[PDB]
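As a starting point, one isolated chain is supplied in structure tokens, in the form deposited in one PDB entry.
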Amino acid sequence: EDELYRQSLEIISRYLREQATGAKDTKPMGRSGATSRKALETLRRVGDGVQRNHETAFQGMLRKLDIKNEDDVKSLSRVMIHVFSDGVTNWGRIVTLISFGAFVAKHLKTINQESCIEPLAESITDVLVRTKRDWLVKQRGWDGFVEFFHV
């Protein structure tokens, strides 16, 4: 409920922030073997591969959306809201969305819009949690994500 949004926000905000700045957080999210720390380490491995694989489509979509400020993020979130609430729900579709978020975050860092990374992460979290709540809960939350992408 409140915890599923708070946990997802902590993982996504930290992943987007460290991808843009290019530096991992010196202060951990929790204890050594916590669900959130494991999900973030999985995101660093999986999410980075998604970005290089989907590079051309990610660069295309970014250029078409034309994100330059916070209002652009808030307004074009309605585009994301509608496209994501329709279609098959899976971990591959979930990880590609977060990877696009990190791709956008990296772009925002270059145009001196580092303040946009947090409301950007809030938009991704609110879509994922609100539209796909039942699925995520039945899939053991972020543990299901860790289990799904194991090496």
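Rigid core (definition): largest C-alpha set, two forms, superposition within 1.5 Å. In this text, residue numbers run from 1 along the sequence as written. Shifts are known only where both forms have a C-alpha.
Keep in mind that the form deposited in another entry is missing from the display, and what follows is about it.
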With the core superposed, a Cα shift of 2 Å or more between the shown form and the other one singles out one residue among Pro28, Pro119, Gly60, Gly49. Which one is it? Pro28
With a C-alpha distance change of 3 Å or more, do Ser32 and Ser13 lie closer or farther in the other form? closer
Taking the shown form as the reference, report whether the CA atoms of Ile11 and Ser32 lie closer or farther apart in the other form; the distance changes by 3 angstroms or more. closer
Using only residues present in both forms, find each stretch of at least 3 consecutive residues where all Cα shifts reach 2 Å or more between the shown form and the other one, with the core as the superposition reference, and list them in order along the sequence. 26 to 33
